[PDB]
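Structure first, then comments.
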Amino acid sequence: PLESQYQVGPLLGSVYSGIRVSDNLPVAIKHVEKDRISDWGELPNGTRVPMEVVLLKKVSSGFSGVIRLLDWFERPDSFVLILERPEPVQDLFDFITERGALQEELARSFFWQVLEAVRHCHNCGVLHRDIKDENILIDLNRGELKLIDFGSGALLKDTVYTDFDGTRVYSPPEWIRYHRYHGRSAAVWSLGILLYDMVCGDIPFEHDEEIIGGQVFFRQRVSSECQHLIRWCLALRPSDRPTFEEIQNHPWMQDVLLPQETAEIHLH
Amino acid sequence: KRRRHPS
Ligand SMILES: Nc1ncnc2c1ncn2[C@@H]1O[C@H](COP(=O)(O)OP(=O)(O)NP(=O)(O)O)[C@@H](O)[C@H]1O
């Protein structure tokens, strides 16, 4: 089965809206050209798929803040991934573009949920490597965030990474200057970028020189507690960055809204 | 000007 187990619809951005005809579940149908893949892995059963598939299988167990792979298919020249599609949905990059700099209460709820999702990944041995507002979807009714696009991801390891294919402006200074990083510490850097994006309405750094200068100028009013968390995540030295635990125990991170509260207060 | 950033 393939083309008629899913009624397929319009382009989203090569990703199509689909409905699984066996039960009308909304889905997203992602096509990936074999030529444009550089990383491959093997599933539990041995067979050789794109890394993206391997990583999504590993995290698609149970419920979480990550968009789940429901199925996939090989074609002669492509793979096709069937993903959860929540509805109504908007990605965080568009949400921030329209709303501007988010209120701290809202930024705290989003950022916490992204931290839970990234922790979930790491627990499954998966490093995303492209955390950013464009790779985050907001389910507007439930107030739940979901991570997408594992296409630059890797298996989590504790040794150094010398390859990177994510977004440069969310990449850390050790990558810019030395083409090396460690997973968690890089992930925390990009989480600092993302947090600034939320409270200020745009990312802090556009150019390599700004990234390695680590001078964080705040363009909107932001509380001292939040500025501190952000500066901590954006420490130049990787070992000076906070662990995931220290981020979630930070004073600015306390008394988070539940997802449904977040929807009711800020999204409905 | 706020913009998206490709991989
Ligand atoms: N459930 C969903 N899963 C994935 N993408 C979605 C979903 N719903 C909407 N989209 C849109 O599809 C866009 C592209 O998906 P993404 O997973 O980022 O692919 P990409 O890496 O940019 N390109 P490619 O993987 O080469 O097709 C997103 O930015 C979303 O706005």
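The chains referred to below are lettered A, B, ... by the order of the sequence lines, with proteins before strands, and numbering in each begins at 1.
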Would you say A:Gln90 has more than 12 foreign heavy atoms packed within less than 6.0 Å of its CD?
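Yes - once you tally the heavy atoms of other residues, nucleotides and ligands closer than 6.0 Å, there are more than 12.
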
Set of side-chain contact (heavy atoms from CB on, under 4.5 Å) partners for A:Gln227, sequence neighbours left out
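Once residues adjacent in sequence are excluded, the partners of A:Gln227 under the side-chain contact (heavy atoms from CB on, under 4.5 Å) criterion are A:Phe218, A:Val222, A:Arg231.
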
Salt bridge A:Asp202-B:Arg3, side-chain N to carboxylate O under 4.0 Å:
no

Using 4.0 Å as the upper bound for N to carboxylate O, is an ion pair formed by A:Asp133 and B:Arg2?
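Looking at A:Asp133 together with B:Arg2, the answer is yes, because their closest N to O distance falls below 4.0 Å.
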
Which pair of non-hydrogen atoms, one from A:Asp130 and one from B:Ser7, has the smallest distance, and what is that distance?
OD2-OG, 3.4 Å

Which region of A:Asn135, side chain (C-beta onward) or backbone (N, CA, C, O), has a non-hydrogen atom less than 4.5 Å from a non-hydrogen atom of chain B, or is it both or neither?
neither

Apply side-chain contact (heavy atoms from CB on, under 4.5 Å) to B:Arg4 and A:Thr97, showing your working.
CA-CA 10 Å; B:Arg4 293 188 173 259; A:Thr97 299; over 6 Å; no

Residues of residues 176-187 of chain A with any heavy atom under 4.5 Å of a heavy atom in chain B
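Those residues of residues 176-187 of chain A which would need a heavy atom under 4.5 Å from chain B do not exist here.
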
Are there residues of residues 209-216 of chain A whose heavy atoms fall under 4.5 Å of chain B's heavy atoms? If so, which?
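The stretch does not come within 4.5 Å of chain B.
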
Taking atom types as modelled and ignoring hydrogens, do the side chains of B:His5 and A:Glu134 form a donor-acceptor contact shorter than 3.5 angstrom?
no

Only counting residues at least two apart or in another chain, list the ones meeting ring pair (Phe, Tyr, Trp, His ring centres under 6.0 Å) with A:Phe205.
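With neighbours one apart ignored, the set is empty.
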
